[PDB]
Amino acid sequence: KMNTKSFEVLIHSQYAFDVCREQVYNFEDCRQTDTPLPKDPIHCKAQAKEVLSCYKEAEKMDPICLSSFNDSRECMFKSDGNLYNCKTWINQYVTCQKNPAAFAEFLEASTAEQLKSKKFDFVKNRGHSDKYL
Amino acid sequence: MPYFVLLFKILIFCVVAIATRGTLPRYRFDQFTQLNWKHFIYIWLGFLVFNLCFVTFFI
Amino acid sequence: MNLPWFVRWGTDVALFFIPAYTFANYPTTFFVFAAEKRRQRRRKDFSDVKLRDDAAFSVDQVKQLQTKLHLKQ
Amino acid sequence: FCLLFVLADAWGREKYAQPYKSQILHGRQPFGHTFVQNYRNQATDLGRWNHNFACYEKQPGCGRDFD
Amino acid sequence: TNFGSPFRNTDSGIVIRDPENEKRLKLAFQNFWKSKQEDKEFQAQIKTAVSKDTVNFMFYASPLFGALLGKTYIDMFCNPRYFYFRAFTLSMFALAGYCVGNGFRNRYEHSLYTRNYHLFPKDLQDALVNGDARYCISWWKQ
Amino acid sequence: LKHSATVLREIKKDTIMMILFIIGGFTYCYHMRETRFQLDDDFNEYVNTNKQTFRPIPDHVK
Amino acid sequence: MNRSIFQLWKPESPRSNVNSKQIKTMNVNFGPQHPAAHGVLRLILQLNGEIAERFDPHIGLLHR
Amino acid sequence: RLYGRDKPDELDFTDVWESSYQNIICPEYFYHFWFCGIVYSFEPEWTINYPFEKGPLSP
Amino acid sequence: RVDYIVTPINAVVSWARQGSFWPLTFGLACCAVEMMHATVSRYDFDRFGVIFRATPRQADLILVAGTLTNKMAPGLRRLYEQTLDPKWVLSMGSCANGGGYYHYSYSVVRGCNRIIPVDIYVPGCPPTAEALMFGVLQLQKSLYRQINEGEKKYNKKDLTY
Amino acid sequence: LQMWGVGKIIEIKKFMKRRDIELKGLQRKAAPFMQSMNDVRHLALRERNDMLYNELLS
Amino acid sequence: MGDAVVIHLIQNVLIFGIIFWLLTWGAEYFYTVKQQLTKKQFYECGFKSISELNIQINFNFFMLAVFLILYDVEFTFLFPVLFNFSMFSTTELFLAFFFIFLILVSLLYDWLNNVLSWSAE
Amino acid sequence: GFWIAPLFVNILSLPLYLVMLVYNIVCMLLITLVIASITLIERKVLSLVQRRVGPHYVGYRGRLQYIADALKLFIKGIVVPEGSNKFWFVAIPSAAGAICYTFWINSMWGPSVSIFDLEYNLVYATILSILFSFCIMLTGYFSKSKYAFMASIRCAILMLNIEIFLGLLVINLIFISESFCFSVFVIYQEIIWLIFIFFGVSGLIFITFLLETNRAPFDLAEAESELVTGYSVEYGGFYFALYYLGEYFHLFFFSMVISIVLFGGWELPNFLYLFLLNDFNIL
Amino acid sequence: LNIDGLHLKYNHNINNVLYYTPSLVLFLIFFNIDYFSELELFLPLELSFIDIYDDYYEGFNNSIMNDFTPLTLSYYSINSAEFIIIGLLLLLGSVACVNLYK
Amino acid sequence: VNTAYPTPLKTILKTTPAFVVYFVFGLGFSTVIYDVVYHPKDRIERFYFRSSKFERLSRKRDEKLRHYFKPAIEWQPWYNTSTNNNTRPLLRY
Ligand SMILES: CCCCCCCCCCCCCCCCCC(=O)OC[C@H](COP(=O)([O-])OCC(O)COP(=O)([O-])OC[C@@H](COC(=O)CCCCCCCCCCCCCCCCC)OC(=O)CCCCCCCCCCCCCCCCC)OC(=O)CCCCCCCCCCCCCCCCC
Ligand SMILES: CCCCCCCCCCCCCCCCCC(=O)OC[C@H](COP(=O)([O-])OCC(O)COP(=O)([O-])OC[C@@H](COC(=O)CCCCCCCCCCCCCCCCC)OC(=O)CCCCCCCCCCCCCCCCC)OC(=O)CCCCCCCCCCCCCCCCC
Ligand SMILES: CCCCCCCCCCCCCCCCCC(=O)OC[C@H](COP(=O)([O-])OCC(O)COP(=O)([O-])OC[C@@H](COC(=O)CCCCCCCCCCCCCCCCC)OC(=O)CCCCCCCCCCCCCCCCC)OC(=O)CCCCCCCCCCCCCCCCC
Ligand SMILES: CCCCCCCCCCCCCCCCCC(=O)OC[C@H](COP(=O)([O-])OCC[N+](C)(C)C)OC(=O)CCCCCCCCCCCCCCCCC
Ligand SMILES: CCCCCCCCCCCCCCCCCC(=O)OC[C@H](COP(=O)([O-])OCC[N+](C)(C)C)OC(=O)CCCCCCCCCCCCCCCCC
Ligand SMILES: CCCCCCCCCCCCCCCCCC(=O)OC[C@H](COP(=O)([O-])OCC[N+](C)(C)C)OC(=O)CCCCCCCCCCCCCCCCC
Ligand SMILES: CCCCCCCCCCCCCCCCCC(=O)OC[C@H](COP(=O)([O-])OCC[N+](C)(C)C)OC(=O)CCCCCCCCCCCCCCCCC
Ligand SMILES: CCCCCCCCCCCCCCCC(=O)OC[C@H](COP(=O)(O)O)OC(=O)CCCCCCCCCCCCCCC
Ligand code: SF4
């Protein structure tokens, strides 16, 4: 449907959740049910289509966001889909997408260490009390 | 990498086992079975119950 | 001319540890450069991605800013 | 002795706030457990079930959304 | 540290050591606190689990209590003829007391920067949550 | 196994100190649990800072 | 602790199957080439459950 | 107990504590392990290199 | 020719079997005490890679250390036959060599060589610990050299045939 | 030591749960889009199957 | 639990054992085995074994296996509650303690009757 | 080429299976070398405890003693007793060797550094141990030596005890980790090693380790004084080498298991600086 | 018991031809309880589509991490009566075993 | 000035070469396992069961789409092999 891979879809959604909020609310209300069992998608098809169209619209990004998007993708590749471990890079990508003009000064006020290649190896650096959940 | 420290610990425990073999005498099968089934099973179950109680207290 | 016994023992310990430590830290010996190249290839590009029409900064401007800031080194 | 101690402590923990009361006396189980346990339980009478958030209306903070 | 920062998984993936960034973030938050020091309403609405006076007293008293306990322990059980083990155990008790006090202080800091999260502006909130001070450029003089 | 006065005094002091040590350990564990409660409260406040919106269930659910 | 005399001993009654050797006892040649044996002891051992019952020592392997 | 198989008229809690120490926390795997493995290994080897050294003899 | 591969492999096999030379835990008389003395630290047998094994199946050397009696000769023969090949036999002590002090007895066999093929003899009564070590080392050297003692003849191309 | 270690393990578990709260929040943020894509694919397959069944059974 | 990789690894291990089989066969070239009367007979410490294949043992400790059969399942029943003890409630805690107490009582009865030791027959 | 490609679809994949086989062979050879080095270490440590040099002349300063002993065991000939069952006498050691060389699959060398993505590591260990005990019992039975059969019975008793002992240990351990995977233990052991909780039962942990490793005081099956050699009284050469290798494999891997589950695995002992450490860092 | 492995000299052919082969034939002919279960390959796998469906809302609402959840929900919540019955049964069985030994 | 080693340390050092050889072999084995499990994935992928339900679904969505969804939606009556050597069901029944 999107021709986009799962982790990239998650990264894009982490920002698109704030642009198509009304469509997301409509879809959620349509799928709401009195039991945990899922509702038939035939009823929510229209809301899903609207949400997907807005997601297509939102997936576009400014070129300045490319470095942040790439580092977030690398983090989400080295970690098998753990959004918490890579939220900082995803947060930077969301910030760049929201008002990208300020991202120029954001990058300008960068330290030498930050201005370095970002390599992720979780086996070498597990972290602190990482539950992987 | 983690396997460096893991190998260090494995070597330590292997040396401990070798020293224990060189030091301690040998048990009898009946003696060890009696000891186990009369004391150690109760010890293990009591330790498990204590752990359950402590976990319940802290949670 | 003589050296302390503990100095000699530390020399032996270093001889054992430095090679083992380096080997442990680099299990993929001589292929770290290949890993870096693969990571660079995985890294996406402006053409690969789709960009907004009302971009605050153009692709050339972003490239110039990255070159000025030395973002990747 | 440990059982008696923990039971006394659990009964004394009523002083603390609701989320920190003893789990012996207060239940905290997954949504799969709670839904089946309190589906038509008039004793609890939690109310309707929030499908996309997996909780009843009367449970504290059932539907918690961003912004 | 045992757990690291509560907002993010510290040293997860890539390990980052940026003392300049740490100093800039600390300076930004210090400037924020100094700027809002005079605001009586803002000071009134600040909350913490344990009082600052209480945590200071605990920090400065726990090591002393540990030292007293160690002194009693060595007096009761240790032979006065020797001193190496007595000094070691007294130091261990003092370090235990210092550990209790430092934990009190660190938990006070954690409560201060967690309960009062909503009072900070958006930029400072983002800077605190993330490891980068670039979200709060204006605060550290740039 | 008759015991002398000094040995009996040492045993009695050991028992007393063991009792005091156990009581202190239990008290410290109680304090640690209280600390855990405080940390949970702090983190709950932090998380709920921005998650303040509650969406009512649609009327069509019933 | 309760009594265990019956579990500990088993007498043999005349022409009785239950009070008799209901098993084929292990007749082992403990030694001479046995690490425990000093080297010249040929002890015919009647084991029943790995418990010695009957001893027949032969000690002439070092008669000189 | 030292003189025969009999037992004291009045047992004391010292025996209880000794039995608990011996059973619950088995000291054999620590006491002997240390005393032999870690300490006795510090002595020079008593071996004599026969091909290049000879043992003491007398005229 | 196979010799190109056989000879180096022969040397490797000889070296391995010399390094790992496990005798049998079998002692009959006072010479067993000397064998234990040779085993213990003062003359560490493990230095030359010889470790005693209880079962004959796991033994390379038959240390006949002590007197052999008529009542035991069938047992010694059975042990020798049951020991897995290849194997060597080392007689230790005068009693094992030629009957020793009891050569004029009515019960002692006049020598273990009458029942077993004795590869080597270690004179003594009791042989010293160093004497037993010397005998074992000489037997090891002979064993290493036994694989190729220059039996096969060299042709014009220096290859054995 | 047993009591203190159990308390420490419980503290670690509760910290893990605290971070799981934020992980669940992020997963909730990312949920609706993937759900919509999956629903669209499922409905496309259902439409294909319905067309095939109608053609075969009509 | 794994996948078909486990079966493929079993096959690979069999091939690795074939490697040792080749080494053992090649070793045959460096020794000769003579035929002797007692070279292929049971070893009984330097003498002929009187009995072979009639090696019945006395199973006078069978109560231990009997109780192991029960206690293995008793312990196995405790795994789900230990795994999901974070979900424990009043009922689950009571049931777990009830089961543990039952196991303890069974062990105590066994000790009282003295069936955990070797017997005459 | 269009009409020829289909013929090679299954022919082009055999090299991949060959590569997998080669990698498995390399891993097995490396673990065999590790076990040989462990044997040499055991000999040297016993020599130190007994105040003797130990292996010193098989290779310069005894550097190739294990190689020499392995080659000698290969060289030694084997003969099956006439009264024994020819098929089983060779079948049992083959299965024992296969199981021992399958042991290494249930090992982790990092957070997810394992040859296979196995979750029930403890279950695998228990099953493999039971299979090895089966093989030892069958060896003792089919070798009609009375000492071998008694060794098999002792092995059965040891297995009976190990069942309950290791089951209770695993029950206590899983109560914290909540999983059978070795990785889940290290995350909880990062701050403090799990052995601190079990400090009271440290003696029982040591007993469990020794019993599972079949070391003293639990060397009943292979008791060399009570029995001639044990279950291998009638086995020589590589048949006995396989049993020795299996015993050392079990020792090494259960040492790894104990280290991972109770001593932090691949986490450094940070508890030595617990007092000076800080539990949080807020800027 | 039966260490040597020698067993009773039994000939199964007589019973196989007298009673078991025809009875088995009749039972196989007249026995089938499977009502309408369909073999794999009965229809193309491409017609089945439910296995691809994923519920991401339930996924993020689910906090389970082990496959013992049904087992605990059965043994300790729903079938706790049978769990206690099994415990009592095992205790009584141990008592009966001890009495049989005596 | 005989700056020789202490007696205990010198005694201990005898067995050190065995430790060094053991470390060499163990590092070789661990690195071989790491490389074998790293090359196919270009990383040390976390175990599937060591992940949340949502993470598992996200990880396997792409594989499901590539292996089942596309053939299912592009299916034709004559695509299936006549030998019945088709892909097995995802949930085998
Ligand atoms: C085409 C490519 C070309 C590439 C470039 C060219 C080639 C480069 C290759 C470089 C590496 C080659 C190996 C060098 C070895 C040097 C040996 C040496 O120093 O000689 C003296 C040393 C003298 O030893 P010795 O005569 O036996 O001992 C005398 C007495 O024992 C008394 O002994 P002592 O008192 O003297 O003390 C003994 C010990 C004293 O040392 C210590 O005390 C410290 C060490 C022990 C640590 C213990 C930790 C655990 C503690 C447990 C508890 C406490 C202990 C006590 C316990 C009991 C207490 C009761 O000292 C040593 O022997 C230290 C030397 C360390 C050598 C190992 C180095 C590498 C190891 C890691 C693997 C590396 C992989 C490759 C990496 C490549 C990239 C860098 O020589 C030896 O005999 C060697 C002993 C060690 C075994 C080495 C095995 C090597 C096998 C070959 C491996 C090939 C693969 C790797 C290379 C691949 C190519 C890159
Ligand atoms: C978070 C969890 C943490 C763990 C939790 C654990 C909880 C367990 C609870 C349950 C158990 C409780 C146990 C309590 C026991 C105490 C009870 C008590 O008070 O009883 C009174 C009872 C009554 O005694 P008393 O009648 O008063 O008589 C006094 C004694 O005569 C004594 O006479 P003295 O005092 O005149 O002489 C003894 C004194 C002797 O002292 C000395 O001689 C000074 C030290 C000399 C060091 C020698 C080695 C130097 C090595 C240098 C290497 C350089 C190499 C350079 C080249 C490198 C090249 C690579 O020994 C010491 O006290 C040494 C203590 C200092 C150790 C070193 C520093 C370690 C610091 C650790 C980190 C601290 C960071 C803070 C945070 C901590 C957080 C946990 O006292 C005793 O029995 C005392 C026993 C003392 C034993 C000392 C043993 C030291 C360790 C020996 C190691 C040997 C290894 C050899 C090599 C091995 C190779 C494989
Ligand atoms: C004499 C006359 C001439 C005869 C000619 C004979 C025929 C010649 C060949 C003719 C045909 C040539 C065809 C060429 C074109 C086609 C090539 C092709 O299809 O491949 C492309 C194919 C796919 O292409 P690609 O994606 O571009 O590849 C990029 C990399 O895959 C990307 O790598 P990555 O970033 O993904 O990183 C992971 C990579 C990186 O991993 C590595 O391979 C790097 C190195 C890892 C650690 C190595 C440590 C080894 C030492 C450990 C300690 C041993 C101690 C005990 C032994 C004693 C040692 C003294 O690992 C792997 O891919 C997994 C492979 C695991 C290899 C297994 C371990 C190797 C050592 C075997 C040891 C055997 C036991 C000891 C034997 C003792 C004998 C005395 O690439 C591969 O799969 C490469 C496989 C390489 C295997 C390892 C090669 C050896 C490396 C150097 C070490 C040599 C040690 C020798 C020891 C000797 C001692 C005496
Ligand atoms: C691998 C085996 C290792 C075994 C090592 C054995 C070495 C020999 C013994 C050395 C003992 C050294 C003394 C300190 C030992 C650690 C004590 C401990 O657990 O405290 C950590 C604890 C740390 O707990 P904490 O984690 O709550 O610390 C504060 C936490 N924050 C930061 C969140 C506030 O220290 C204290 O807090 C002080 C004591 C509090 C009261 C309860 C303590 C219960 C356990 C006491 C055990 C005492 C045993 C020794 C008795 C005296 C012997 C002289
Ligand atoms: C040349 C003559 C050949 C004669 C025929 C060969 C006979 C071979 C007999 C043994 C192998 C049988 C293979 C077929 C069964 C595969 C079952 C299966 O699905 O497993 C994978 C399954 C994989 O399932 P999955 O969960 O990955 O799901 C697959 C998903 N789809 C359908 C989409 C592909 O295994 C598991 O699920 C769990 C792992 C099991 C690991 C078992 C390890 C122990 C195996 C011991 C076998 C011993 C055999 C030899 C000795 C005994 C006598 C036979
Ligand atoms: C991935 C890494 C792989 C590494 C593999 C490394 C393993 C190497 C294994 C080498 C094995 C060598 C075997 C030698 C056998 C001949 C000698 C012998 O046994 O002697 C006794 C007997 C001969 O005994 P004899 O009667 O001559 O007596 C010799 C004694 N003297 C000298 C005193 C007379 O062997 C024979 O019968 C010889 C003739 C027949 C065999 C001829 C050679 C066949 C080779 C087959 C190779 C098969 C390869 C398979 C590969 C695929 C495997 C999956
Ligand atoms: C899996 C392997 C085992 C793991 C076990 C878990 C770790 C436990 C660590 C030790 C904690 C203390 C336990 C109690 C010790 C009691 C000793 C005792 O009885 O003292 C009095 C004993 C003797 O006193 P006694 O009174 O008991 O007996 C003597 C009797 N009279 C008085 C008549 C003479 O004194 C000693 O010598 C004690 C020395 C203790 C030293 C222990 C060292 C152990 C080292 C190895 C431990 C394992 C390390 C693993 C490292 C892994 C790293 C990755
Ligand atoms: C699981 C392994 C680790 C151990 C964990 C459990 C520890 C349990 C003991 C904690 C300390 C108890 C202090 C009691 C002080 C006291 O009253 O002390 C009173 C007297 C004092 O005796 P003295 O006058 O000789 O000092 O002691 C006693 O009465 C001894 C009581 C028994 C203690 C044995 C050890 C504990 C065994 C398990 C508990 C069951 C005991 C049953 C006894 C009949
Ligand atoms: S030769 Fe001498 S030492 Fe040896 S057994 Fe005969 S009498 Fe004893």
# chains A, B, ... in the order shown; residues from 1 in each chain; ligands from 1
>>> residues_near_ligand(ligand="ligand 4", cutoff="6 Å", atoms="only C-alpha atoms and all ligand atoms", output="PyMOL selection string")
(chain E and resi 92+96+99-100+103-104) or (chain F and resi 25+28) or (chain J and resi 1+4) or (chain L and resi 279)
>>> residues_around(residues="range 73-87 of chain N", least_positions_apart="6", cutoff="10 Å", atoms="only C-alpha atoms", output="list in words")
residues 41, 44, 45, 46, 48 and 49 of chain J; 40, 41, 42, 44, 45, 46, 47 and 49 of chain M; 67 of chain N
>>> residues_around(residues="residue 7 in chain A", least_positions_apart="4", cutoff="10 Å", atoms="only C-alpha atoms", output="list in words")
residues 11, 12, 13, 72, 73, 76, 77, 80, 81, 82 and 83 of chain A; 55, 58, 59, 61 and 62 of chain N
>>> interface_residues(of="chain J", to="chain B", cutoff="9 Å", atoms="only C-alpha atoms", output="list in words")
residues 2, 3, 6, 7, 9, 10, 11 and 14 of chain J
>>> residues_around(residues="residue 263 in chain L", least_positions_apart="2", cutoff="12 Å", atoms="only C-alpha atoms", output="ChimeraX atom specification")
/B:5-6,8-10,12-13 /L:182,185-199,202,205,255-261,265-271
>>> write_last_selection(atoms="C-alpha atoms", output="compact mmCIF listing (two decimals), in the first residue's frame")
# COMPACT_ATOMS: atom_id res chain seq x y z
CA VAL B 5 34.17 -11.59 30.39
CA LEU B 6 32.01 -14.69 29.97
CA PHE B 8 36.92 -15.29 32.08
CA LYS B 9 34.11 -16.37 34.41
CA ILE B 10 33.92 -19.81 32.80
CA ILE B 12 37.29 -19.19 36.98
CA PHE B 13 34.50 -21.70 37.58
CA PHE L 182 19.94 -17.13 29.36
CA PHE L 185 19.19 -13.18 33.47
CA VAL L 186 21.96 -10.72 32.58
CA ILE L 187 19.62 -7.73 32.27
CA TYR L 188 18.48 -8.25 35.86
CA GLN L 189 22.03 -9.04 37.01
CA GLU L 190 23.48 -5.81 35.55
CA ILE L 191 23.30 -3.94 38.87
CA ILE L 192 23.79 -6.83 41.31
CA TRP L 193 24.64 -10.44 40.52
CA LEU L 194 21.77 -12.81 41.22
CA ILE L 195 23.99 -14.80 43.60
CA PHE L 196 23.42 -12.17 46.30
CA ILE L 197 19.76 -13.19 46.59
CA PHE L 198 20.88 -16.82 46.91
CA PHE L 199 23.79 -16.08 49.26
CA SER L 202 25.37 -20.66 48.26
CA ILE L 205 24.36 -23.82 44.64
CA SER L 255 29.93 -23.71 34.20
CA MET L 256 28.83 -21.24 31.52
CA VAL L 257 25.19 -21.73 32.55
CA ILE L 258 25.95 -21.10 36.22
CA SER L 259 27.99 -18.00 35.38
CA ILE L 260 25.20 -16.60 33.21
CA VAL L 261 22.33 -17.36 35.58
CA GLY L 265 27.23 -13.65 32.82
CA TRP L 266 28.99 -11.04 30.69
CA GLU L 267 28.55 -8.15 33.16
CA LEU L 268 31.55 -6.89 35.12
CA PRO L 269 31.27 -6.95 38.92
CA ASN L 270 29.85 -3.45 39.35
CA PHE L 271 28.73 -4.36 42.89
>>> residues_near_ligand(ligand="ligand 2", cutoff="7 Å", atoms="only C-alpha atoms and all ligand atoms", output="PyMOL selection string")
(chain C and resi 6-7+9-10+13) or (chain E and resi 77-79+82-86+88+92+95) or (chain H and resi 38) or (chain L and resi 192+271-276)
